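Working notes, beginning with the structure itself.
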Amino acid sequence: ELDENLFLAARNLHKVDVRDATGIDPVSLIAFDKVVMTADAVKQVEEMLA
Amino acid sequence: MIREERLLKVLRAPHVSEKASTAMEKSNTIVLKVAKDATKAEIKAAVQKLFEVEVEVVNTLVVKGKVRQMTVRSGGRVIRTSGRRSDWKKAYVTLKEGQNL
Amino acid sequence: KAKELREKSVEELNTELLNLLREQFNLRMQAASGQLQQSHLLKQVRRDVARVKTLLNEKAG
Amino acid sequence: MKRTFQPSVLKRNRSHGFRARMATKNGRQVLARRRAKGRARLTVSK
Amino acid sequence: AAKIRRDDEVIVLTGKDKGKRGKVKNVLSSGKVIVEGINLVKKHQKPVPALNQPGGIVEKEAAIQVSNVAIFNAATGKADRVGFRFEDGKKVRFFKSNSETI
Amino acid sequence: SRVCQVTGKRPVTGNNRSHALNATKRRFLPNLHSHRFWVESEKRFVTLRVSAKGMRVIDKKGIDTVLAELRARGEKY
RNA sequence: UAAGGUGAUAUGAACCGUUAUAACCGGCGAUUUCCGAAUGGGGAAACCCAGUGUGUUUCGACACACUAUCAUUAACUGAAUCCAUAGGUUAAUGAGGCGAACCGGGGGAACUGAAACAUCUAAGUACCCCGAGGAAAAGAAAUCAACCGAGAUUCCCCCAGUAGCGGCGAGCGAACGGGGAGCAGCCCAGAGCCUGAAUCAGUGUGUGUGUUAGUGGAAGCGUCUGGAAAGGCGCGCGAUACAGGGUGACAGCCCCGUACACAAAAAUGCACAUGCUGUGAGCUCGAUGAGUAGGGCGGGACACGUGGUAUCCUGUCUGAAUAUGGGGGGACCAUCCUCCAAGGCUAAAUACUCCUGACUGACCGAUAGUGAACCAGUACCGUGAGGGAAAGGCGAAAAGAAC
């Protein structure tokens with residue numbers, strides 16, 4: 001779930017992006033050096049990709 | 001009965017121009033610039049009331065403005081502009097026997 | 001300047017306007033004749049004439 | 001010899017002047033077109 | 001809201017006058033300032049015999065950009081920024097880094 | 001213009017079609033006639049420019065009611 | 001809102017101002033020459049000439065106001081002609097003209113294609129004319145369907161380049177049905193009972209929210225090179241602000257900003273809440289749009305070119321029935337299905353951008369991009385309609401070269 005606090009804290013950082021796990025896109029996953037997923041986010045992407 | 005304000009607006013400036021000085025010293029007429037819409041009666045009344053002289057007659061002519069051109073450095077570039085000077089009215093006022101200036 | 005012309009009546013406002021117009025005429029004569037190094041009273045007299053006429057319009061309406 | 005432009009101010013104004021343009025709807029359309037183009041001199045009425 | 005006024009002791013931050021201090025004389029509408037004896041240039045004054053001394057190599061200070069000067073604290077002895085606050089319903093400038101009214 | 005004062009009939013446009021079906025373009029004009037109608041109610045003759053269809057309409061409705069309709073539309077008679 | 005100003009050119013001169021009535025910015029207001037619908041008459045735009053009132057006068061004259069046409073309404077008076085109409089005069093309202101596209105309507109090409117050309121196409125396009133609005137138009141079934149049903153208009157995607165039309169050539173080209181956006185329906189043709197009875201337009205208040213000026217806004221220093229540092233190197237700090245722009249080379253921390261948080265004397269938009277003003281509700285009975293539907297002749301519109309041609313419109317000539325009646329279901333007839341013309345109104349979804357604000361671009365970068373980066377619809381050309389250019393860059397700073 002998009003935690004508004006984290007999103008606010010991140011959106012002036014430099015290389016850091018915060019997503020919703022329904023807003024992931026092919027280019028973003030390749031562009032950034034590292035991807036951090038919360039476990040529930042992994043579950044949502046699991047069911048979404050089926 | 002031309003009102004005071006009209007009179008205070010008609011007489012613009014005395015016109016010094018050699019032909020004016022000779023006219024003053026020979027024919028006892030002063031030469032002066034007047035509002036382009038001034039009529040002879042207006043100039044007569046204005047001169048009489050504002051200079052406290054007694055005038056005989058007024059002759060008027062309209063001088064057409066020349067063209068002068070020069071430059072303006074608006075925008076950094078000195079653009080050559082031309083335009084027309086403004087037309088004006090010249091009055092030859094013949095005083096009777098007085099003297100003002 | 002408008003503050004203490006606003007509490008005159010209508011006739012001495014008219015006399016004030018006439019005095020201002022006379023001053024304007026003599027200033028014009030001086031400027032033409034080459035005197036009047038104080039070449040700033042012309043703007044002053046005209047702004048005061050404007051002010052007086054504005055007040056006259058205000059009171060007569 | 002004699003050329004085609006033989007000037008005359010009266011005929012110029014009576015044929016192409018402002019009031020001649022304004023007399024008919026076609027001349028008024030000419031004036032509207034010239035206003036739309038942004039013409040500095042609208043007619044020969046200078 | 002100007003942040004530099006008639007006579008602020010300022011110190012130059014860039015431009016061959018770093019560390020030199022002076023007093024502002026003029027503030028130009030183009031966002032530039034003239035300050036005491038800082039940006040001196042050598043004007044080559046034409047003679048002009050019409051009511052003017054011939055004039056040779058005149059030394060006079062040129063305008064400098066307000067971004068290039070900083071108000072001088074004179075209590076900390078260093079350049080600092082200026083903030084705006086309200087006291088007694090009046091807008092006042094204060095030094096940053098010590099919060100003292102100018 | 002050629003307009004019936006009662007029915008508003010106008011000239012319309014259409015085609016002359018030949019045997020070879022060449023379409024030349026033409027007008028159909030209404031059957032207009034100027035006629036003097038006696039108005040019993042107000043005792044005078046009013047001249048109207050009406051078609052034959054208009055005259056049939058008048059002698060079905062009556063001249064007075066048709067005149068009322070004309071006044072309703074601002075027509076001048 | 002302010003410590004600086006008197007626009008550029010602009011230097012200068014003479015000045016104004018420094019908590020507060022200098023300048024600047026916004027709301028409201030005043031002034032607003034002449035021409036131009038131009039409107040007192042005229043006219044070769046920016047000019048010429050008045051008439052009638054009111055007032056003033058120094059007796060020369062002066063100032064102000066009104067005076068166009070047409071439409072509607074009213075008052076007065078009024079010919080042939082008795083009444084009466086026409087006409088006349090004066091008032092009061094309203095219009096007029098301009099403007100880019102979008103919209104409805106009245107007219108309406110040809111080039112071209114058909115490998116020629118006439119039917120056909122191009123095309124109801126270009127163009128001309130009239131009218132309106134912020135949208136317009138359409139619109140509440142004489143509609144489709146198919147023996148089951150749907151339920152006003154409009155717009156999008158399919159159906160489908162199908163069925164058809166067609167010198168059956170070139171070409172034109174649907175509907176039914178389905179999926180969506182949006183979605184409320186109502187009046188008159190009339191009387192009684194209730195009988196302001198909610199409702200809708202106008203106006204007056206109050207609240208909220210915008211718009212028209214604004215306010216605050218966070219953090220960096222050493223050293224190297226260098227004309228200059230924002231760069232290199234080192235060590236720090238802000239970040240709900242690392243959008244962007246400027247600053248002597250490339251700046252989160254120098255400046256202007258940005259995130260964020262606030263702000264209105266006054267005038268206005270939109271919502272509500274009410275006060276008042278006109279309309280108006282609901283019930284019972286009724287009534288149900290005639291020179292009309294249909295027809296003959298000629299045209300036009302329907303995808304449909306007259307064909308076996310349904311339906312719509314009408315220039316011409318005719319001409320019903322009246323709800324036990326009538327229209328439609330693609331010649332026509334019979335059954336049975338469906339609907340009720342000849343009276344109106346009606347939001348949204350839809351079209352467009354002269355103009356205003358913000359933002360964006362695998363758009364151009366001075367022979368490009370607008371014709372016009374620049375004082376360009378200019379110079380210049382043409383009687384005229386009209387045509388129509390070329391022309392950017394000193395430097396960080398004029399320090400633009402005293403002698």
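Both backbone and side-chain heavy atoms feed into the values below; hydrogens, waters and symmetry mates do not. Convention: sequence-line order gives letters A, B, ...; per-chain numbering from 1.
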Any chance the bases of neighbours [N] and [M] are stacked, by the 5.5 Å centre and 30° plane criterion?
{"N": "G:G190", "M": "G:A191", "value": "yes"}
{"N": "G:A290", "M": "G:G291", "value": "no"}
{"N": "G:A228", "M": "G:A229", "value": "no"}

Report the distance from atom [atom1] of [X] to atom [atom2] of [N], rounded to the nearest whole Å.
{"X": "E:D7", "N": "G:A3", "atom1": "CG", "atom2": "P", "value": "13 Å"}
{"X": "D:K37", "N": "G:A372", "atom1": "NZ", "atom2": "P", "value": "14 Å"}
{"X": "E:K16", "N": "G:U225", "atom1": "NZ", "atom2": "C1'", "value": "20 Å"}
{"X": "F:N31", "N": "G:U318", "atom1": "CG", "atom2": "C1'", "value": "14 Å"}
{"X": "C:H40", "N": "G:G17", "atom1": "NE2", "atom2": "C1'", "value": "14 Å"}
{"X": "E:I64", "N": "G:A228", "atom1": "CD1", "atom2": "P", "value": "14 Å"}
{"X": "E:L28", "N": "G:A10", "atom1": "CG", "atom2": "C1'", "value": "14 Å"}
{"X": "E:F86", "N": "G:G214", "atom1": "CZ", "atom2": "P", "value": "15 Å"}

Pairing defined as Watson-Crick or G-U wobble with both contacts under 3.5 Å. Yes or no for [N] and [M]?
{"N": "G:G275", "M": "G:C66", "answer": "no"}
{"N": "G:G216", "M": "G:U350", "answer": "no"}
{"N": "G:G133", "M": "G:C102", "answer": "yes"}
{"N": "G:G252", "M": "G:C237", "answer": "yes"}
{"N": "G:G222", "M": "G:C233", "answer": "yes"}
{"N": "G:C103", "M": "G:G131", "answer": "yes"}
{"N": "G:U39", "M": "G:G196", "answer": "no"}
{"N": "G:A14", "M": "G:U6", "answer": "yes"}
{"N": "G:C304", "M": "G:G330", "answer": "yes"}
{"N": "G:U311", "M": "G:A301", "answer": "yes"}

(request) May I ask you to check if E:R93 and E:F95 form a cation-pi contact, with NZ or CZ under 6.0 angstrom from the six-membered ring centre and within 45° of the axis? (result)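 Ring-cation test returns no.
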Need one value for [X]: base, sugar-phosphate or nothing, where a base atom within 4.0 Å counts as base even if backbone is also close, heavy atoms only.
{"X": "D:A32", "result": "sugar-phosphate"}
{"X": "E:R85", "result": "nothing"}
{"X": "E:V58", "result": "nothing"}

(message) Is the phosphate of G:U72 approached by F:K76 (side-chain N or O, under 4.0 Å from OP1 or OP2)?
(response)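 Yes, such a contact exists.
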By the rule that syn is within 90° of 0, classify the base conformation of [N] as syn or anti.
{"N": "G:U277", "result": "anti"}
{"N": "G:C242", "result": "syn"}
{"N": "G:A249", "result": "syn"}
{"N": "G:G43", "result": "anti"}

Contacts under 3.5 Å, N or O only, protein and nucleotides 117-122 of chain G:
{"residue": "G:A118", "atom": "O3'", "partner": "F:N22", "partner atom": "ND2", "Å": "3.3"}
{"residue": "G:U119", "atom": "OP1", "partner": "F:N22", "partner atom": "ND2", "Å": "3.2"}
{"residue": "G:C120", "atom": "OP1", "partner": "F:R17", "partner atom": "NH1", "Å": "3.0"}
{"residue": "G:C120", "atom": "OP1", "partner": "F:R17", "partner atom": "NH2", "Å": "3.4"}

(request) Can you spot which of B:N100, B:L11, B:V34 makes a side chain to side chain contact (heavy atoms under 4.5 Å, CB included) with B:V47? (result)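 Result: among B:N100, B:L11, B:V34, B:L11 is the only option passing the side chain to side chain contact (heavy atoms under 4.5 Å, CB included) with B:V47.
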Ignoring hydrogens and angles, write down the donor-acceptor pairs under 3.5 Å from the side chains of residues 62-77 of chain F, residues two or more places apart or on other chains.
{"residue": "F:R71", "atom": "NH1", "partner": "F:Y77", "partner atom": "OH", "Å": "2.8"}
{"residue": "F:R73", "atom": "NH1", "partner": "F:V6", "partner atom": "O", "Å": "3.4"}

(request) Please answer whether G:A45 and D:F18 are stacked, defined here as ring centres separated by less than 5.5 Å and planes angled under 30°. (result)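 Yes, the aromatic ring of D:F18 stacks with the base.
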Would you list the protein and nucleotides 236-245 of chain G atom pairs, both N or O, that sit under 3.5 Å from each other?
{"residue": "G:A239", "atom": "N3", "partner": "A:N12", "partner atom": "ND2", "Å": "2.3"}
{"residue": "G:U240", "atom": "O3'", "partner": "A:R11", "partner atom": "NH1", "Å": "2.7"}
{"residue": "G:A241", "atom": "OP1", "partner": "A:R11", "partner atom": "NH1", "Å": "2.4"}
{"residue": "G:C242", "atom": "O2'", "partner": "A:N12", "partner atom": "O", "Å": "3.4"}

Check nucleotides 55-64 of chain G for protein N or O atoms closer than 3.5 Å to its own N or O atoms and list the pairs.
{"residue": "G:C62", "atom": "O4'", "partner": "B:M1", "partner atom": "O", "Å": "3.1"}

Pick out the pairs of N or O atoms, protein on one side and nucleotides 21-32 of chain G on the other, that lie under 3.5 Å.
{"residue": "G:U21", "atom": "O2'", "partner": "C:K3", "partner atom": "NZ", "Å": "2.8"}

(request) Might you confirm whether atom CZ of F:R36 has over 12 heavy atoms from other residues, nucleotides or ligands at distances under 6.0 Å? (result)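 It does not: F:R36 CZ has 12 such atoms or fewer within range.
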(message) Tell me every residue that passes ring pair (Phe, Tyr, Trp, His ring centres under 6.0 Å) with F:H35, counting only those two or more places apart in sequence or in another chain.
(response)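 Listed in chain order: F:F37.
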(request) Any salt bridge (charged side-chain N to carboxylate O under 4.0 Å, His left out) involving residues 4-18 of chain D? Give me the pairs, sequence neighbours left out, ordered by first then second residue. (result)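 Pairs touching residues 4-18 of chain D that pass the test: none.
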Hey, can you pull the donor-acceptor pairs under 3.5 Å for the side chains in residues 42-59 of chain F, sequence neighbours left out?
{"residue": "F:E42", "atom": "OE1", "partner": "F:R44", "partner atom": "NE", "Å": "3.3"}
{"residue": "F:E42", "atom": "OE2", "partner": "F:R44", "partner atom": "NE", "Å": "2.6"}
{"residue": "F:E42", "atom": "OE2", "partner": "F:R44", "partner atom": "NH2", "Å": "3.4"}
{"residue": "F:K43", "atom": "NZ", "partner": "F:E40", "partner atom": "O", "Å": "3.2"}
{"residue": "F:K43", "atom": "NZ", "partner": "F:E40", "partner atom": "OE1", "Å": "2.3"}
{"residue": "F:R49", "atom": "NH1", "partner": "F:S1", "partner atom": "O", "Å": "3.3"}

(request) Inspect the contact between E:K90 and E:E87 and indicate whether a charged nitrogen and a carboxylate oxygen are less than 4.0 angstrom apart. (result)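 Judged by the 4.0 Å cut-off on N to carboxylate O distance, E:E87 and E:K90 do not form a salt bridge.
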Using residues 30-57 of chain E as the side-chain source, report each donor-acceptor pair under 3.5 Å to any protein atom, sequence neighbours left out, with the distance given to one decimal.
{"residue": "E:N39", "atom": "ND2", "partner": "E:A63", "partner atom": "O", "Å": "3.3"}
{"residue": "E:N52", "atom": "ND2", "partner": "E:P47", "partner atom": "O", "Å": "3.0"}

Under 3.5 Å, which donor-acceptor pairs do the side chains of residues 51-72 of chain B form with other protein atoms, sequence neighbours left out?
{"residue": "B:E54", "atom": "OE2", "partner": "B:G98", "partner atom": "N", "Å": "2.9"}
{"residue": "B:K64", "atom": "NZ", "partner": "B:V62", "partner atom": "O", "Å": "3.2"}

Polar atom pairs between nucleotides 392-398 of chain G and protein, under 3.5 Å, N or O only, would you list them?
none

Show me, pair by pair, the donor-acceptor contacts under 3.5 angstrom made by side chains of residues 53-61 of chain C, not counting sequence neighbours?
{"residue": "C:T54", "atom": "OG1", "partner": "C:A50", "partner atom": "O", "Å": "2.4"}
{"residue": "C:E58", "atom": "OE1", "partner": "C:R6", "partner atom": "NH1", "Å": "3.2"}
{"residue": "C:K59", "atom": "NZ", "partner": "C:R6", "partner atom": "O", "Å": "2.9"}

(message) I want to check something: taking the side chain as every heavy atom from C-beta on, are B:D87 and B:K36 in contact at a cut-off of under 4.5 Å?
(response)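 With C-beta onward as the side chain, the pair touches.
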